[PDB]
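S.K.: This one is an experimental structure. Sequence first:
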Amino acid sequence: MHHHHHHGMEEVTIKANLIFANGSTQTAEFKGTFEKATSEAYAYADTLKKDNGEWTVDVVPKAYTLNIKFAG
Ligand SMILES: [Zn+2]
Ligand SMILES: [Zn+2]
Ligand SMILES: [Zn+2]
């Protein structure tokens, strides 16, 4: 499944792609912890439910940092 594994001091950027029933789209950016950034994106989507209907989301990571530590 789509599991978010929280890290302390995490800072991520979320690019939300809003796709409407008629094929038109809208994009917006959100920043902060994953929890904070996604909740703002979902709150935003909820403000559009009135005129655009129910929505579903797919979370797709695009960039990562790998911290590789050598013991010596
Ligand atoms: Zn986990
Ligand atoms: Zn998190
Ligand atoms: Zn997915």
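M.R.: On my side now, so go ahead. Numbers count the residues shown, from 1 in each chain. Ligands and ions are numbered 1, 2, ... in the order given.

S.K.: Next up, the contacts around residue 14.
M.R.: 29, 30, 31, 34, 37, 38, 41 (Cβ atoms under 8 Å, 6 or more residues apart in numbering). Where C-beta positions appear, they are placed from N, C-alpha and C, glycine not excepted.

S.K.: Can you tell me the SS state at it?
M.R.: Put simply, residue 14 is strand when judged by DSSP: H, G, I helix; E, B strand; the rest coil.

S.K.: Which residues of the chain lie near ligand 2?
M.R.: Counting by Cβ under 5 Å from the ion, the positions of the chain adjacent to ligand 2 are 6, 33, 34, 35.

S.K.: Wait, the third one touches residue 4, no?
M.R.: Yes: the pair residue 34 / residue 4 is scored as a contact, 5.3 Å apart, by Cβ atoms under 8 Å.

S.K.: These two: who's more crowded?
M.R.: residue 34 (17 against 13; other Cβ atoms under 10 Å).

S.K.: Could you check how far the more buried one is from residue 26?
M.R.: According to Cβ to Cβ, to the nearest Å, residue 34 stands 21 Å off from residue 26.

S.K.: which stretches of the protein form strands?
M.R.: 12-19, 25-32 (DSSP state E).

S.K.: Could you tell me how many residues sit around the residue of the chain found nearest ligand 2?
M.R.: In the chain, the residue that lies nearest ligand 2 is residue 6 (3.6 Å; Cβ to the ion). Residue 6 is flanked by 8 other residues according to other Cβ under 10 Å.

S.K.: mind listing what residue 39 touches?
M.R.: Going by Cβ under 8 Å, 6+ apart, residue 39 touches no other residue.

S.K.: Just say which of the strands of the chain is most tucked in.
M.R.: Most buried of the strands of the chain by mean neighbour count (mean count of other Cβ atoms under 10 Å) is strand 12-19; its value is a mean of 14.
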